[PDB]
Structures are given as C-alpha cells and as structure tokens.
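One structure is given here, and the rest of the page talks about it.
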Ligand SMILES: CCC1=C(C)/C(=C/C2=NC(=C\c3[nH]c(/C=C4\NC(=O)[C@H](C)[C@H]4CC)c(C)c3CCC(=O)O)/C(CCC(=O)O)=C2C)NC1=O
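Protein chains in written order, with my numbering: chain A, 109 to 268; chain B, 30 to 83.
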C-alpha cells in the first residue's frame, strides 16, 4: 500500500510521518473512491476481459496452442487463461492498494524464473496482458483507463 | 442402326488433382482454438478455487 510504504520508510528512519509522507497518504485516501470505482469495474468484467485477452493472444500466436506449444492441451490452456485471470486480479489489487506491492509479492517475484523453468514464452504473456489492458480500457473511461493502464504497464514491464 | 448416339461424353470436372487445403486447415485450427478456449475457461475457474475447503 501507499500507507504501508510510507510507514515503513518512517519506521526505518525511526521518526514520525513527515509532511511529504502525510501528503502522500492524504492523496491516496482522497483517490480512494476513484480507485474503488475502477477496481469494481475491472472485477465485474473479469470473465469478459480474460476471455477476450485469451482470444487475442492465441490469435496473435497460434503456435502456443498448436501441438508442441506451451499451452497445447486442455489443462495447459486452462493454466494459461488462469494466469491471465491471476494478473487481472493482481492489477485490481494494485489499483486499490495504490502501489505495486500486492502485484509484487503475489505474482511478480519469481515469475521470471518460474516462466523460464516451464519454458513459458514471456512475449506471449505480454501479448495476453496487453490484450487484457485493451479489453479493460474499453470498459473504463479515459481517466480510469489511464489509472488501470499504469498497473497494466507495470506488469508488462516487470515481465520483460 | 443409323442414329448418332453419343456414348462417352467428357465430364465437367478438370483432369487436375485436388488443390491443397492449407488455408482451410489454418482456419479450422482457429475455430478449434476458439472452442478450446471456452472449456479452458471452465477448467481454469476450477483451478482458482481455494485449497482445502471441501
Ligand atoms: C497468483 C499468482 C500466480 C501466478 C502469476 C502464477 C503463474 C504460474 N503459472 C504456472 C504454470 C503455467 N502457466 C502457463 C501460462 C503461460 N503459458 C502460455 O503459453 C502463455 C504464454 C502464458 C499465459 C498467458 C502455462 C501454460 C502453465 C503450465 C506449463 C507447464 O505445465 O509446465 C505456474 C507453475 C505452477 C502451476 O502449474 O500451476 C505458475 C507459478 N502462479 C501463481 O500462484
């Protein structure tokens, strides 16, 4: 959270929250209702966003679901769609929490070597996440789209 | 027996061989991917359920 990050900085320096930390927390608390609105819209349309993202990613890379592909098979395609759903949920978490920590502890620390061991092609994951981002921006207004795109782009960048 | 009766008329079809079906094959692969995705969504929903809450 923004609050957790500010408090951890104060605690590590053994001091009360500074005027800048207080202003950060005030800004986050002021943005709370907008964050909740965006997160609610994303959570209500999770199935549509993931279904469209998977369609777009498999259309752009038919080799994934072709024989010999990483996602080939019912169980593997299920796991791929499940990962897309996971990343969408984590983006909603980041939007609510006002920082990238939930996305880090839950889904981005160790994902690189995880996907490396399983030979999961990271460009395909990035394509799926960009597809999810576009599906989401379709549902959100321009300002809400920008807010959600911050965390979508963070996930994309952390994958690469 | 002196009418002109035509016995062996040529058929419409040309002598060539069957054309390749690569594009049709790719489009069928696309439909198969679309069909696989909707069942994969159900199994993926089953995958995200909690662990030991039976
Ligand atoms: C909640 C946070 C969280 C994340 C993010 C997560 C990702 C994740 N995906 C995995 C497997 C997988 N992940 C994918 C998905 C990828 N392969 C496809 O080609 C696509 C390019 C791409 C998805 C867009 C696939 C196909 C597997 C199975 C591969 C295998 O069995 O080796 C695994 C290994 C364990 C398992 O099989 O379930 C993890 C840890 N797990 C988590 O607990």
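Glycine included, every Cβ here is placed at the ideal spot set by N, Cα and C.
Limits of the alpha helix (DSSP H) - the one that residue i falls within
i: residue 189 of chain A; result: 182-205
i: residue 134 of chain A; result: 127-152
i: residue 57 of chain B; result: 51-76
i: residue 222 of chain A; result: 219-225
Cutoff 8 Å: residue i Cβ touching any chain B Cβ
i: residue 85 of chain A; result: Beyond the ends of chain A as shown, which are 109 and 268, falls residue 85 of chain A; an answer cannot be given.
i: residue 170 of chain A; result: yes
i: residue 235 of chain A; result: no
i: residue 212 of chain A; result: no
i: residue 260 of chain A; result: no
i: residue 163 of chain A; result: yes
Heavy atom of ligand 1 within 7 Å of residue i beta-carbon
i: residue 152 of chain A; result: no
i: residue 202 of chain A; result: no
i: residue 179 of chain A; result: yes
i: residue 158 of chain A; result: no
i: residue 214 of chain A; result: yes
i: residue 229 of chain A; result: yes
i: residue 263 of chain A; result: no
i: residue 217 of chain A; result: no
Residue i in three-state terms, based on DSSP
i: residue 243 of chain A; result: helix
i: residue 114 of chain A; result: helix
i: residue 171 of chain A; result: coil
i: residue 263 of chain A; result: helix
i: residue 31 of chain B; result: coil
i: residue 121 of chain A; result: coil
Proximity test, Cβ basis, 8 Å: residue i and chain A
i: residue 69 of chain B; result: yes
i: residue 66 of chain B; result: yes
Relative to chain E, which residues along the stretch 181-207 of chain A have a C-beta separation below 8 Å, given in chain order?
Of the chains in the structure shown, none is chain E; the protein chains are A and B.
Residues within the stretch 38-58 of chain B neighbouring chain A, beta-carbon criterion of under 7 Å:
Residues of the stretch 38-58 of chain B whose Cβ lies closer than 7 Å to any Cβ of chain A, in chain order: 58.
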